[PDB]
């Protein structure tokens, strides 16, 4: 699923959906012709570049808002860490045996450190792309 995000709350490094793909934003610019913002990002799965311009709405008199979509992150428990992948479990107990972890900002190493010190407290934040799931960040609850 997705969440609508106002453009004045989007910064470099944020994750957005661009051309239907989850991407990390690496450049923000503004269209001289239309006033729309343009986002250039890196596909989290394929590492290809995508760009998309913002959506401009007028939901009421004197209200103009520009938005983009962001992904709804899922939060899974970590049961085991095997070989660059993890065994994760959903809140309802559904077991996911070989969930991949993104190579971005040393997440594997951070996750390992927090797991060996407090297993039951670690969570991974997961994005989905048309079936495929990947852990892209972590939390301690």
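Positions refer to the first chain, counted from 1.
Peer 1: Which wins on mean Cα temperature factor, 66 to 74 or 90 to 98?
Peer 2: The stretch with the larger mean CA B-factor is 90 to 98.
Peer 1: Which is higher on average in the deposited entry, the C-alpha temperature factors of 42 to 50 or of 75 to 83?
Peer 2: Of 75 to 83 and 42 to 50, the stretch with the higher C-alpha B-factor average is 75 to 83.
Peer 1: Considering only 28, 33, 56, 114, which residue's Cα atom bears the greatest B-factor as recorded?
Peer 2: Reading the PDB entry, the winner on C-alpha B-factor is 114.
Peer 1: Going by the CA temperature factor in the PDB record, which third of the chain does residue 135 belong to: lowest, middle or highest?
Peer 2: Its C-alpha B-factor belongs to the middle third of this chain's values.
Peer 1: Please say which third, lowest, middle or highest, residue 3 falls into when its CA temperature factor is compared across its chain.
Peer 2: For residue 3, the deposited C-alpha B-factor lands in the middle third.
Peer 1: Grab the CA temperature factor for residue 19 from the record and place it in the lowest, middle or highest third of its chain.
Peer 2: Ranked within chain, residue 19 CA B lands in the middle tercile.
Peer 1: Ranking every modelled residue in this chain by its Cα temperature factor as given in the entry, which third contains residue 11?
Peer 2: Residue 11: CA B-factor falls in the lowest third of its chain.
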